[PDB]
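See below for the structure under consideration.
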Amino acid sequence: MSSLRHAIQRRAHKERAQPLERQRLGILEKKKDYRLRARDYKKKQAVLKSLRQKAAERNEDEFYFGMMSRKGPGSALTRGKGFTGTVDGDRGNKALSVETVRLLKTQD
Amino acid sequence: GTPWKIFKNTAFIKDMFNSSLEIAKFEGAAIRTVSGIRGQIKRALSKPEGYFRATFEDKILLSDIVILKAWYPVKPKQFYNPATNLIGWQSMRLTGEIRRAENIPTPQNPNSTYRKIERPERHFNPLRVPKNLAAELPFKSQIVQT
Amino acid sequence: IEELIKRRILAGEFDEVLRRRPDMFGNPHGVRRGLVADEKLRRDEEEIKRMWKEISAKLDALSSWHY
Amino acid sequence: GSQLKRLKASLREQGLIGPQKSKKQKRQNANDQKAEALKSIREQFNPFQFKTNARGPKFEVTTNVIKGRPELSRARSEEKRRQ
Amino acid sequence: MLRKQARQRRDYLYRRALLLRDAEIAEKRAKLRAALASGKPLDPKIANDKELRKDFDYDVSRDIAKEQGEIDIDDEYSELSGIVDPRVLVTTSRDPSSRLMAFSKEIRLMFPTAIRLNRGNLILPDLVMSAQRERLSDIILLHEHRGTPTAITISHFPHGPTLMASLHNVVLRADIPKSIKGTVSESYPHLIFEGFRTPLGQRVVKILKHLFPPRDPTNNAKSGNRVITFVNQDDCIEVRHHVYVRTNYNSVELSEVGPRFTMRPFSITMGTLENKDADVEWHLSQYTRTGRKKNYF
Amino acid sequence: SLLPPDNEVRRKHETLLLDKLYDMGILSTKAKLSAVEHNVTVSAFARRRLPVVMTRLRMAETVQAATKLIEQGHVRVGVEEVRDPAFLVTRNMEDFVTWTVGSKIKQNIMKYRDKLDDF
RNA sequence: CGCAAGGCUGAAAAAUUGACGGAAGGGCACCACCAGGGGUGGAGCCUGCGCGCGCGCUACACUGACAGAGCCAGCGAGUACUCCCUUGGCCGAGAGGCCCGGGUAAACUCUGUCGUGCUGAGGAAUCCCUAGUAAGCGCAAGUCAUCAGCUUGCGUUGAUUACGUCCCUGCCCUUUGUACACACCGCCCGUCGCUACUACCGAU
C-alpha cells in the first residue's frame with residue numbers, strides 16, 4: 001500500500017547527465033524530452049497526411065467565388081522565383097485616388 | 001557507443017566496437033538509447049574499422065548515447081581465513097583501511113557524479129508544407145500566407 | 001514440404017479458386033441456349049415478380065436509362 | 001525439352017509409367033538396374049538440391065555437375081553447432 | 001476514369017465502416033434467431049429492443065444465407081473472383097541487374113498469365129496509372145541486393161491491398177544448366193496452402209491465390225500437371241513450384257522446376273502501391289517486447 | 001420481408017433491389033432490407049438530384065448557386081448539356097458531371113489556377 | 001474421476017467412367033526462328049553463395065587534353081545535420097571551452113591552344129532485350145523486413161532492328177461437350193485394361 005513503504009522506499013532516483021566530454025552537442029535526451037519530440041513530429045505528420053489526402057481527392061473542376069476575388073497560387077512558371085504554394089494575402093494597403101493623395105500631401 | 005551519422009531511422013554508431021569480428025559476434029543485437037528508443041545492431045560497417053549500422057524505432061539524435069545491456073558472469077573469490085583467535089591469525093583489512101594505509105584517494109568519475117541539468121523550454125519549428133502540395137491542394141484548404 | 005505435396009496430389013485437395021459460370025445468378029441450372037398452400041405461395045411469388053417488373057421500369061426511367 | 005516432358009520420357013524408358021501391359025507382355029518381360037536408374041532420375045530432376053554453375057568451366061581442359069550440397073551442408077553444420 | 005477509381009475507393013471504405021457497425025448489431029440479432037428455433041431464454045435487452053425486432057423481421061434472410069454460405073463478403077476480390085483471368089505484370093526496380101532480370105523472367109514464367117515490363121525511366125505514378133489504364137489485375141515489384149532479390153510488393157488493382165514481403169534462401173532458375181533445366185511448362189497450375197488459420201492468414205491466402213487463373217472444375221482433381229505450394233512456419237511463408245506426373249494410383253513423382261522462396265511478409269496495406277499513406281492492415285511488429293513471440297498468420 | 005425467409009425468389013429479388021438502389025445511389029449499403037425499410041427517402045432522392053450532387057462534388061458553393069448555374073446552362077453530364085434542374089445523377093454519372101465546353105465558369109477556374117489556355 | 005488405454009505381431013485400390021501413346025490441324029513464346037543491340041566471361045576491388053562461381057564497382061585515348069564564354073531539371077525541410085585523431089598555445093585549483101598547424105547538376109553548345117605519346121574495350125561459351133525500351137548522365141532520400149562494399153526513388157539525353165513466321169526449339173489446345181441462321185466439314189489411329197456372355201484346358 002502507501003503506508004507500507006519507508007521514506008527510503010519513497011526516495012527519488014537522480015537523473016544522470018550528459019558526460020562533460022560531450023556537453024557541446026546539447027542536452028541529453030531522456031524519456032520526457034523524447035515524448036515531446038514524438039508528439040510534435042506525429043502531429044506534424046498527421047496534418048501533412050491530411051493535406052495529402054485533400055490534394056489527392058481534389059476535384060479539378062471546383063468553383064467558388066473566392067476564385068473570382070483572389071489571386072491563386074499558380075505555378076512556378078507563372079509566379080516566377082518568388083513562388084510559395086500559398087495564396088498571397090491582402091496586406092490591406094490599396095491604390096489611392098489622386099484627390100486623397102493631394103489632401104495627404106497638403107497635410108505633409 | 002555514440003551516433004556517427006543519423007538518417008531517418010538507421011544510424012551508424014562509432015565508439016562502441018573495435019572490429020567487424022566483434023560486431024559479427026554481436027549481430028542481431030538489441031541495442032537501446034538513453035531516450036528509450038529500442039533498436040537493433042544489424043550489420044557491420046566496412047570503411048572505418050569497427051563502426052556499425054543500427055535500425056531504431058524513430059529518429060535518434062546526435063546528442064543521444066546508444067547502450068547495449070549485456071550480462072557478464074561473475075564468480076566470487078575463494079578466500080578463506082580461519083579465525084584461530086586463541087593462536088593468532090591475520091585479519092585482512094578493508095577497503096577504506098587499505099586506502100588510508102597506503103595513501104591512495106578513492107576513485108571517482110566526474111562523468112559519474114550527479115549534477116543538475118538545465119532544460120530550456122523546448123519549442124518546435126512550425127509546420128513547413130512542401131511547395132507542390134501547397135500548390136495542388138483545393139481551394140477550401142489553400143494556405144494563406146501574406 | 002515434398003511429403004505435403006505428395007499427400008495433396010494423391011488425396012487431391014488443391015486450394016485453386018474454381019471458374020464459376022458468369023450467370024449463376026440469373027441462370028441457376030445453366031440451360032443450353034439452342035434447340036430444346038403451395039398455390040398461395042406461388043401466387044404471392046407471381047405478385048412480387050409483377051411488382052418488380054413495374055418498379056424496375058419506373059426506376060430505370062427515373063435514372064434516365066443509365067443502369 | 002521441358003522438365004515435365006523429359007521426366008515422362010525418362011519414365012517411359014524406365015517402364016514405370018507405360019501402358020498397362022497384358023499377361024502375355026508380363027510373360028515376355030519375365031522371360032527377358034531400375035533402382036539406381038530411379039535414384040539418378042530423382043537426383044537429376046530435383047536439381048535445386050545442389051548449387052551449380054550454368055556457364056560450365058571457364059577454360060576447357062581435358063584429362064582423365066554438382067558443386068556442393070547446401071541443404072546437406074547446412075544440416076551438418078547445424079549438428080556441429082548443436083554438439 | 002481516375003475520378004471513378006477515387007470514388008469507388010471512398011465508397012468501399014465507407015461500406016467497410018458500415019459493415020463494421022452492422023456487424024456489431026448483427027452479433028445481437030443472431031442470438032434472437034437461435035433462441036427462436038430452440039426455446040432457450042435470451043437476454044432481456046435483446047428481447048425488448050423493439051427496433052431490433054422490426055429490423056430483424058425485415059432482414060432474417062441475409063443471416064441465413066450467410067450461414068448457408070450462399071453469399072460472399074464485401075471484398076476486393078469477390079466482384080471478379082473466377083470470371084475473368086487475372087493477368088499480372090512483373091517489373092524490377094529502377095536500374096535492374098542481369099540476374100534480377102532473369103529472376104523476374106523466371107516468375108513471369110511461373111504465372112501463366114503474366115507479362116514482364118522493363119522499368120527504364122518509368123515514374124511510379126505513371127506505372128500505377130498505366131496499370132489502371134490497361135485493366136491489369138496485379139502488379140509486382142522486385143528489389144535486388146546485388147543480383148539477388150530481396151523484396152516483392154504484390155499490389156492488387158484498382159484499389160486493393162499490397163503485400164510487401166522480404167525474400168531469403170532464394171535460388172534462381174538461371175543457375176542450373178540448360179541441359180538439366182528447360183523451358184518451363186506453361187499450364188494452369190494447382191495451388192496448395194498449409195498452415196493458415198487466422199483471419200490474417202486467410203486474407204493472405206486470398207490475395208495470393210487471386211493472382212492465378214481459375215481452373216476448369218470438371219476434372220481438376222485428376223488432370224493438370226503443375227502445382228505451386230505455399231506453407232508457413234513462424235509467419236515466413238515458403239513457396240516452391242513443382243511439376244509432377246502421376247506414375248500410379250498410389251504414388252507420384254515430383255520434379256522441382258521453379259525458384260524457391262521463403263518470403264516473409266512485413267506489410268499489408270489496404271491501398272495500392274503508390275499510396276504510401278494508405279491505412280496499413282498489418283506490419284511486422286518488431287522492436288516491441290513480444291513481437292518475436294507472437295505468431296501471426 | 002413478408003415472404004418466408006428461405007424462399008429463392010425472395011433472396012434473388014432482395015439482392016436485385018439492393019443492387020439497383022445502391023447503383024442508383026439512394027442507399028449507402030447493399031446488405032440491409034431494413035435500410036430499405038427506413039432509409040429510402042424522398043430526401044435521399046432529392047440529394048441524388050443534380051444541384052445537390054454537384055454541391056457535394058463542389059462544383060458550386062451552395063445548392064441555390066448550383067441551380068442558378070445549371071439553369072443558365074453551364075453544366076453538361078457526359079456530352080449533352082442539361083437545362084433541367086431535376087436530372088437525377090446516378091453513381092456512374094457522378095464521375096462525369098462536368099462543365100460545358102466554352103463556359104465562362106471554366107474560363108474563370110482556369111484563370112484562377114493561372115492555366116488559361118486561350119487555344 | 002471415467003472412457004479413450006490390451007499386440008496372428010517384429011522398419012524399408014477403383015474401372016461399362018481406367019493406363020500410355022501415334023497422326024493431322026491450330027494458337028502462343030526475345031526460356032523460338034529472323035535483324036540488330038547489350039551484358040558476364042580478359043585485369044583489379046569487394047558483398048554474397050558453395051579455393052571456386054557469379055553481381056556490381058573501377059581502370060583501360062580520338063569518343064583527346066587545357067583554357068575561356070553561355071545555358072538547362074525533379075523528388076527532398078523532425079529545435080535537426082556535424083568525417084577523423086592529434087603537435088602546440090590561451091583562459092581554466094580540477095573536469096572543459098577556445099586559437100593555430102599535420103595527415104543551386106552532370107551534361108550540352110560555342111570559341112580558341114596542342115597533337116596519338118604503358119601518357120589499348122576483353123575468347124570459347126552463356127544470358128538478356130522490341131518505344132520514352134537499350135544505353136549514357138548526374139541529384140535526392142535511407143522510411144519497423146532487406147540495403148551502405150549498397151538500396152530505392154527522381155529528373156536529363158535518347159537511337160539501330162523485328163513488329164512477320166510456326167520452318168527449327170519448345171509450351172498449350174483441339175479429335176467430347178458450351179448456341180440456332182447463312183457457309184464449310186464429314187465416321188482420325190494403336191496397344192491394353194474393366195464389364196456381360198459363350199464355349200475350351202487340366203488338377204480337386
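Scheme for the C-alpha cells: letters A, B, ... for chains in order shown; per-chain residue numbers from 1; ligand numbers from 1 in order shown.
Applying a distance limit of 12 Å to only C-alpha atoms, the residues of chain B near chain F read residues 135, 136, 137, 138, 139 and 140 of chain B.
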Within 8 Å of chain G: residues of chain E, using only C-alpha atoms (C1' of nucleotides), as a PyMOL selection string: chain E and resi 93-94+97-99+101-102+118+120-121+144-148+150-151+165-166+182-187+249+264-266+283-287
Please produce a file of the residues just selected, as a CSV table (one decimal), in the first residue's frame, where the atoms kept are C-alpha atoms.
chain,number,residue,atom,x,y,z
E,93,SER,CA,13.4,-1.7,-59.6
E,94,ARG,CA,14.8,1.4,-61.4
E,97,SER,CA,20.9,-6.0,-62.9
E,98,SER,CA,21.1,-9.0,-65.2
E,99,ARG,CA,20.4,-11.6,-62.5
E,101,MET,CA,16.1,-9.5,-64.9
E,102,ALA,CA,16.5,-13.3,-65.3
E,118,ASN,CA,11.2,-3.0,-68.3
E,120,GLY,CA,13.9,2.1,-67.7
E,121,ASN,CA,12.6,5.6,-66.9
E,144,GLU,CA,17.7,-6.7,-55.7
E,145,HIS,CA,20.6,-6.5,-53.3
E,146,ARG,CA,23.4,-7.5,-55.7
E,147,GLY,CA,21.9,-9.8,-58.3
E,148,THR,CA,19.9,-11.5,-55.6
E,150,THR,CA,15.1,-9.3,-51.6
E,151,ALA,CA,11.6,-7.8,-51.8
E,165,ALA,CA,7.5,-9.2,-48.3
E,166,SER,CA,11.2,-9.8,-47.8
E,182,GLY,CA,14.5,-26.4,-69.8
E,183,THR,CA,11.6,-24.4,-70.9
E,184,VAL,CA,9.1,-24.5,-68.0
E,185,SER,CA,5.6,-25.9,-68.9
E,186,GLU,CA,3.1,-23.1,-69.0
E,187,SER,CA,-0.1,-24.7,-67.8
E,249,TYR,CA,-2.8,-44.6,-58.4
E,264,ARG,CA,8.4,-13.1,-45.0
E,265,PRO,CA,5.6,-10.5,-45.2
E,266,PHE,CA,6.5,-7.3,-43.5
E,283,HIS,CA,3.1,-4.9,-40.5
E,284,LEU,CA,6.0,-6.8,-39.0
E,285,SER,CA,5.9,-5.6,-35.4
E,286,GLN,CA,9.5,-5.7,-34.4
E,287,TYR,CA,11.2,-3.7,-31.6
Contacts of region 17-27 of chain F within 12 Å, only C-alpha atoms (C1' of nucleotides), excl. fewer than 4 positions in-chain, as a short mmCIF file (atom, residue, chain, number, x, y, z; two decimals) with N, CA, C and O atoms, in the first residue's frame:
data_model
loop_
_atom_site.label_atom_id
_atom_site.label_comp_id
_atom_site.auth_asym_id
_atom_site.auth_seq_id
_atom_site.Cartn_x
_atom_site.Cartn_y
_atom_site.Cartn_z
N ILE C 48 -45.07 -10.72 -56.52
CA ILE C 48 -43.82 -10.00 -56.34
C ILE C 48 -43.06 -9.87 -57.65
O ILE C 48 -42.44 -8.83 -57.91
N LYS C 49 -43.13 -10.88 -58.52
CA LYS C 49 -42.47 -10.75 -59.82
C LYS C 49 -43.08 -9.63 -60.65
O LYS C 49 -42.35 -8.85 -61.27
N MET C 51 -44.66 -6.98 -59.42
CA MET C 51 -44.28 -5.74 -58.74
C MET C 51 -42.87 -5.34 -59.11
O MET C 51 -42.58 -4.16 -59.33
N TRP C 52 -41.97 -6.31 -59.21
CA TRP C 52 -40.59 -5.97 -59.50
C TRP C 52 -40.40 -5.54 -60.94
O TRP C 52 -39.59 -4.65 -61.20
N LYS C 53 -41.15 -6.13 -61.88
CA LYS C 53 -41.10 -5.64 -63.25
C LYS C 53 -41.53 -4.18 -63.31
O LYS C 53 -40.84 -3.34 -63.91
N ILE C 55 -41.61 -1.86 -60.88
CA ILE C 55 -40.74 -0.93 -60.18
C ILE C 55 -39.40 -0.81 -60.88
O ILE C 55 -38.80 0.27 -60.90
N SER C 56 -38.92 -1.87 -61.53
CA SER C 56 -37.68 -1.74 -62.27
C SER C 56 -37.86 -0.86 -63.49
O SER C 56 -36.95 -0.11 -63.85
N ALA C 57 -39.03 -0.93 -64.13
CA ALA C 57 -39.30 0.00 -65.22
C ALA C 57 -39.30 1.44 -64.73
O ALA C 57 -38.67 2.32 -65.35
N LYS C 58 -39.99 1.70 -63.62
CA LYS C 58 -40.02 3.05 -63.06
C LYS C 58 -38.63 3.53 -62.67
O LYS C 58 -38.28 4.68 -62.92
N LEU C 59 -37.81 2.65 -62.09
CA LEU C 59 -36.50 3.06 -61.61
C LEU C 59 -35.53 3.30 -62.74
O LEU C 59 -34.72 4.23 -62.68
N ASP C 60 -35.58 2.49 -63.79
CA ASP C 60 -34.73 2.77 -64.94
C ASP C 60 -35.12 4.08 -65.60
O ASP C 60 -34.26 4.92 -65.89
N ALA C 61 -36.43 4.30 -65.80
CA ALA C 61 -36.85 5.55 -66.43
C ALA C 61 -36.52 6.76 -65.57
O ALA C 61 -36.21 7.82 -66.10
N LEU C 62 -36.57 6.62 -64.25
CA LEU C 62 -36.16 7.71 -63.38
C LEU C 62 -34.67 7.93 -63.43
O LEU C 62 -34.21 9.07 -63.35
N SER C 63 -33.89 6.87 -63.56
CA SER C 63 -32.45 7.05 -63.69
C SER C 63 -32.05 7.48 -65.09
O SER C 63 -30.85 7.66 -65.32
N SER C 64 -33.01 7.63 -66.00
CA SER C 64 -32.80 8.12 -67.37
C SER C 64 -31.92 7.17 -68.16
O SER C 64 -31.04 7.60 -68.91
N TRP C 65 -32.18 5.88 -68.00
CA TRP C 65 -31.54 4.80 -68.75
C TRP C 65 -30.03 4.84 -68.62
O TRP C 65 -29.30 4.87 -69.60
N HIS C 66 -29.57 4.88 -67.38
CA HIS C 66 -28.17 4.66 -67.03
C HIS C 66 -28.20 3.68 -65.87
O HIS C 66 -28.32 4.09 -64.71
N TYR C 67 -28.08 2.40 -66.18
CA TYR C 67 -28.30 1.38 -65.16
C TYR C 67 -27.70 0.07 -65.63
O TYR C 67 -27.75 -0.25 -66.82
N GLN E 8 -14.82 4.99 -56.17
CA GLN E 8 -15.05 3.62 -55.73
C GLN E 8 -14.24 3.29 -54.50
O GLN E 8 -14.72 2.56 -53.63
N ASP E 11 -16.10 4.88 -51.58
CA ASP E 11 -17.34 4.18 -51.28
C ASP E 11 -17.08 2.81 -50.68
O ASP E 11 -17.84 2.35 -49.82
N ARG E 15 -18.39 1.68 -47.04
CA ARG E 15 -19.16 0.46 -46.84
C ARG E 15 -18.48 -0.47 -45.86
O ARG E 15 -19.16 -1.23 -45.16
N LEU E 18 -19.53 0.86 -42.51
CA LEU E 18 -20.92 0.48 -42.31
C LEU E 18 -21.06 -0.99 -41.96
O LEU E 18 -21.88 -1.35 -41.10
N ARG E 62 -30.71 -12.62 -44.88
CA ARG E 62 -29.30 -12.49 -45.21
C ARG E 62 -28.42 -13.26 -44.22
O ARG E 62 -27.41 -13.84 -44.62
N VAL F 9 -36.90 -16.91 -54.57
CA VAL F 9 -37.27 -15.68 -55.25
C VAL F 9 -37.15 -14.49 -54.31
O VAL F 9 -36.79 -13.39 -54.75
N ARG F 10 -37.36 -14.70 -53.00
CA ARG F 10 -37.15 -13.61 -52.05
C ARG F 10 -35.69 -13.20 -52.02
O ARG F 10 -35.38 -12.01 -52.08
N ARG F 11 -34.78 -14.18 -51.98
CA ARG F 11 -33.37 -13.82 -51.91
C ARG F 11 -32.91 -13.14 -53.19
O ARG F 11 -32.19 -12.14 -53.14
N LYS F 12 -33.33 -13.67 -54.34
CA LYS F 12 -32.89 -13.09 -55.60
C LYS F 12 -33.41 -11.68 -55.77
O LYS F 12 -32.66 -10.78 -56.16
N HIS F 13 -34.67 -11.44 -55.43
CA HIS F 13 -35.17 -10.08 -55.56
C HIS F 13 -34.65 -9.15 -54.49
O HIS F 13 -34.56 -7.96 -54.74
N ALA F 31 -26.70 -4.33 -48.15
CA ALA F 31 -26.83 -5.55 -47.35
C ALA F 31 -27.98 -5.49 -46.36
O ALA F 31 -28.07 -6.37 -45.50
N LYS F 32 -28.86 -4.50 -46.42
CA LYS F 32 -29.88 -4.40 -45.39
C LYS F 32 -31.23 -4.00 -45.97
O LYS F 32 -31.48 -2.82 -46.29
N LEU F 33 -32.12 -4.98 -46.05
CA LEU F 33 -33.52 -4.69 -46.32
C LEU F 33 -34.13 -3.78 -45.27
O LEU F 33 -35.05 -3.02 -45.59
N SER F 34 -33.63 -3.80 -44.03
CA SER F 34 -34.02 -2.79 -43.06
C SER F 34 -33.61 -1.39 -43.49
O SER F 34 -34.35 -0.43 -43.23
N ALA F 35 -32.47 -1.26 -44.16
CA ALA F 35 -32.10 0.03 -44.69
C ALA F 35 -33.04 0.43 -45.81
O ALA F 35 -33.31 1.62 -46.01
N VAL F 36 -33.58 -0.54 -46.55
CA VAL F 36 -34.63 -0.15 -47.49
C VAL F 36 -35.91 0.23 -46.75
O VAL F 36 -36.65 1.09 -47.21
N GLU F 37 -36.15 -0.36 -45.59
CA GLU F 37 -37.43 -0.15 -44.92
C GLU F 37 -37.50 1.23 -44.27
O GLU F 37 -38.56 1.86 -44.24
N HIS F 38 -36.39 1.70 -43.72
CA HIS F 38 -36.40 3.04 -43.15
C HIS F 38 -35.13 3.81 -43.47
O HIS F 38 -34.53 4.46 -42.62
N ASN F 39 -34.69 3.73 -44.72
CA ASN F 39 -33.66 4.62 -45.23
C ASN F 39 -33.97 5.18 -46.60
O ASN F 39 -33.52 6.29 -46.89
N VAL F 40 -34.70 4.47 -47.44
CA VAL F 40 -35.10 5.06 -48.71
C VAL F 40 -36.10 6.16 -48.41
O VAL F 40 -36.94 6.05 -47.52
N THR F 41 -35.89 7.30 -49.05
CA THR F 41 -36.42 8.54 -48.53
C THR F 41 -36.43 9.56 -49.65
O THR F 41 -35.48 9.62 -50.44
N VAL F 42 -37.50 10.35 -49.73
CA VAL F 42 -37.56 11.42 -50.70
C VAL F 42 -36.42 12.41 -50.47
O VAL F 42 -35.93 13.03 -51.42
N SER F 43 -35.94 12.53 -49.24
CA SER F 43 -34.73 13.30 -49.02
C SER F 43 -33.52 12.65 -49.68
O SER F 43 -32.65 13.36 -50.20
N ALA F 44 -33.46 11.32 -49.71
CA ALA F 44 -32.34 10.67 -50.38
C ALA F 44 -32.41 10.89 -51.89
O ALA F 44 -31.39 11.17 -52.53
N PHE F 45 -33.61 10.80 -52.45
CA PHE F 45 -33.75 11.09 -53.88
C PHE F 45 -33.41 12.55 -54.17
O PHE F 45 -32.74 12.86 -55.17
N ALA F 46 -33.85 13.46 -53.30
CA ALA F 46 -33.57 14.87 -53.51
C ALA F 46 -32.08 15.16 -53.45
O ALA F 46 -31.59 15.94 -54.26
N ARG F 47 -31.36 14.52 -52.55
CA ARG F 47 -29.92 14.72 -52.54
C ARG F 47 -29.23 13.98 -53.67
O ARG F 47 -28.08 14.29 -53.97
N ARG F 48 -29.90 13.03 -54.31
CA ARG F 48 -29.35 12.47 -55.54
C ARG F 48 -29.70 13.27 -56.78
O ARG F 48 -29.26 12.93 -57.87
N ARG F 49 -30.52 14.31 -56.65
CA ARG F 49 -30.75 15.21 -57.78
C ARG F 49 -29.46 15.92 -58.20
O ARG F 49 -28.43 15.84 -57.54
N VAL F 53 -26.03 17.12 -55.86
CA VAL F 53 -24.89 16.25 -56.07
C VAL F 53 -23.71 17.04 -56.63
O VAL F 53 -22.56 16.73 -56.33
N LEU F 88 -31.58 13.35 -62.37
CA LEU F 88 -31.14 12.56 -61.23
C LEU F 88 -29.86 11.82 -61.58
O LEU F 88 -29.89 10.84 -62.32
N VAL F 89 -28.75 12.27 -61.02
CA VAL F 89 -27.44 11.73 -61.32
C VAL F 89 -27.25 10.46 -60.52
O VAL F 89 -27.31 10.48 -59.29
N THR F 90 -27.01 9.35 -61.21
CA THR F 90 -26.70 8.12 -60.52
C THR F 90 -25.21 8.00 -60.25
O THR F 90 -24.40 8.84 -60.65
N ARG F 91 -24.83 6.91 -59.59
CA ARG F 91 -23.47 6.76 -59.08
C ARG F 91 -22.46 6.51 -60.18
O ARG F 91 -21.26 6.57 -59.92
N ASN F 92 -22.90 6.23 -61.40
CA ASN F 92 -21.98 6.15 -62.53
C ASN F 92 -21.84 7.47 -63.27
O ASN F 92 -20.87 7.65 -63.99
N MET F 93 -22.79 8.39 -63.11
CA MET F 93 -22.71 9.68 -63.75
C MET F 93 -22.13 10.75 -62.86
O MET F 93 -21.74 11.82 -63.36
N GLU F 94 -22.07 10.50 -61.55
CA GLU F 94 -21.39 11.42 -60.66
C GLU F 94 -19.93 11.62 -61.03
O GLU F 94 -19.38 12.69 -60.76
#
Taking only C-alpha atoms (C1' of nucleotides) into account, which residues of chain B are within 12 Å of chain G, as a PyMOL selection string? chain B and resi 3-12+14+38-40+42-48+51-63+108-113+120-132
Report as a ChimeraX atom specification the set of chain E residues whose atoms approach chain D to within 9 Å, with distances computed over only C-alpha atoms. /E:171,173-185,225-226,243-248,253-257,259-260
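The shell of residues at most 12 Å from residue 119 (chain B), with only C-alpha atoms (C1' of nucleotides) counted and near chain neighbours (fewer than 2 positions) removed, consists of residues 17, 26, 27, 28, 29, 30, 32 and 33 of chain A; 116, 117, 121, 122 and 123 of chain B.
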Keeping only N, CA and C atoms, write the selected residues to a file as a short mmCIF file (atom, residue, chain, number, x, y, z; two decimals), in the first residue's frame.
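Okay, out30.cif is ready:
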data_model
loop_
_atom_site.label_atom_id
_atom_site.label_comp_id
_atom_site.auth_asym_id
_atom_site.auth_seq_id
_atom_site.Cartn_x
_atom_site.Cartn_y
_atom_site.Cartn_z
N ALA A 17 23.40 12.82 -16.29
CA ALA A 17 23.51 13.91 -17.25
C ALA A 17 24.42 13.53 -18.40
N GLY A 26 24.74 19.48 -26.88
CA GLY A 26 23.41 19.78 -26.41
C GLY A 26 23.03 18.95 -25.20
N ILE A 27 21.77 19.02 -24.86
CA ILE A 27 21.26 18.35 -23.68
C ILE A 27 21.05 16.87 -23.99
N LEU A 28 21.15 16.02 -22.97
CA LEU A 28 20.96 14.59 -23.16
C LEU A 28 19.47 14.30 -23.19
N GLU A 29 19.00 13.69 -24.26
CA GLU A 29 17.58 13.46 -24.44
C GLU A 29 17.14 12.23 -23.65
N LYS A 30 16.37 12.45 -22.60
CA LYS A 30 15.79 11.38 -21.82
C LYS A 30 14.33 11.21 -22.21
N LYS A 32 11.32 12.07 -21.16
CA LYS A 32 10.34 13.15 -21.27
C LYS A 32 10.60 14.00 -22.50
N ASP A 33 11.87 14.35 -22.74
CA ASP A 33 12.22 15.05 -23.97
C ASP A 33 11.87 14.22 -25.19
N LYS B 116 22.85 18.75 -11.67
CA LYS B 116 21.55 19.22 -12.11
C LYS B 116 21.65 19.60 -13.58
N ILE B 117 20.63 19.21 -14.34
CA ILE B 117 20.54 19.51 -15.76
C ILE B 117 19.73 20.79 -15.92
N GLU B 121 12.89 25.45 -22.20
CA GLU B 121 11.55 25.10 -22.65
C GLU B 121 11.57 24.78 -24.14
N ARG B 122 11.40 23.50 -24.46
CA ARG B 122 11.57 23.01 -25.83
C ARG B 122 10.45 23.55 -26.72
N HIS B 123 10.80 24.46 -27.61
CA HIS B 123 9.88 24.98 -28.61
C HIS B 123 10.24 24.41 -29.97
#
Computed interatomic separation between CA of residue 227 (chain E) and CA of residue 192 (chain E) (Å): 7.3 Å
Using only C-alpha atoms and a cut-off of 7 Å, which residues of chain F sit close to chain A? Please list them as a list in words.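 Result, ordered by chain then number: residues 58, 59, 60, 61, 109, 112, 113 and 114 of chain F.
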Take the residues that were just selected and, keeping C-alpha atoms, output them as a CSV table (one decimal), in the first residue's frame.
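In the end it all went to part.csv:
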chain,number,residue,atom,x,y,z
F,58,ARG,CA,-18.1,21.1,-55.0
F,59,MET,CA,-19.0,22.4,-58.5
F,60,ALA,CA,-20.7,25.3,-56.8
F,61,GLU,CA,-20.8,26.9,-53.3
F,109,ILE,CA,-11.5,28.5,-62.9
F,112,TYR,CA,-7.7,31.3,-61.0
F,113,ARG,CA,-5.3,28.5,-61.4
F,114,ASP,CA,-3.4,30.6,-64.0
Name the residues of chain D that fall into alpha helix (DSSP H) according to DSSP on the backbone, using the chain letters and numbers of this document, as JSON, numbers by chain. {"D": [3, 4, 5, 6, 7, 8, 9, 10, 11, 12, 13, 14, 23, 24, 25, 26, 27, 28, 29, 30, 31, 34, 35, 36, 37, 38, 39, 40, 41, 42, 43, 44, 45, 70, 71, 72, 73, 74, 75, 76, 77, 78, 79, 80, 81, 82]}
For residue 1 (chain B), work out the shell of residues within 6 Å, counting only C-alpha atoms (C1' of nucleotides) and skipping chain neighbours fewer than 6 positions away, then give it as JSON, numbers by chain. {"B": [15, 16, 66]}
Keeping only N, CA, C and O atoms, write those residues as a PDB file, in the first residue's frame.
ATOM      1  N   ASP B  15      31.768   4.710 -31.512  1.00  0.00           N
ATOM      2  CA  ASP B  15      32.733   4.392 -30.463  1.00  0.00           C
ATOM      3  C   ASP B  15      32.225   3.291 -29.549  1.00  0.00           C
ATOM      4  O   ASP B  15      32.117   3.463 -28.340  1.00  0.00           O
ATOM      5  N   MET B  16      31.901   2.145 -30.130  1.00  0.00           N
ATOM      6  CA  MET B  16      31.356   1.037 -29.364  1.00  0.00           C
ATOM      7  C   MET B  16      32.100  -0.261 -29.608  1.00  0.00           C
ATOM      8  O   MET B  16      32.265  -1.059 -28.684  1.00  0.00           O
ATOM      9  N   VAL B  66      23.986   5.459 -27.281  1.00  0.00           N
ATOM     10  CA  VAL B  66      23.477   4.117 -27.501  1.00  0.00           C
ATOM     11  C   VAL B  66      24.155   3.191 -26.508  1.00  0.00           C
ATOM     12  O   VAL B  66      25.378   3.225 -26.342  1.00  0.00           O
TER      13      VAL B  66
END
Near region 19-30 of chain D, counting only C-alpha atoms (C1' of nucleotides), which residues have an atom at most 7 Å away, once you skip same-chain residues fewer than 4 positions from it, shown as an MDAnalysis selection string? chainID G and resid 19:20 192:193
Give as a ChimeraX atom specification every residue of chain A that touches chain G within 8 Å, counting only C-alpha atoms (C1' of nucleotides). /A:20-21,37,40-41
Do you have the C1' of residue 189 (chain G)-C1' of residue 16 (chain G) distance handy?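 Distance reported for this atom pair: 22.7 Å.
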To one decimal place in Å, what is the distance between CA of residue 200 (chain E) and CA of residue 297 (chain E)?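 Interatomic distance, CA of residue 200 (chain E) to CA of residue 297 (chain E): 5.4 Å.
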With a cut-off of 9 Å, could you pull out the residues of chain G touching chain C and give me the nearest pair of atoms for each, distance in Å to one decimal, using only C-alpha atoms (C1' of nucleotides), ordered by chain and ascending number, as a tab-separated table?
residue	atom	partner	partner_atom	distance
G:178	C1'	C:32	CA	7.7
G:179	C1'	C:34	CA	5.0
G:180	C1'	C:34	CA	5.5
Which residues are near residue 161 (chain G)? Cut-off 12 Å, only C-alpha atoms (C1' of nucleotides), ignore same chain within fewer than 6 positions. Put them as a VMD selection string. chain G and resid 34 to 37 129 to 130 134
Choose the residue, out of B:19, B:84, B:2, B:146, that has the smallest atom-to-atom separation from residue 31 (chain B); count only C-alpha atoms. B:2
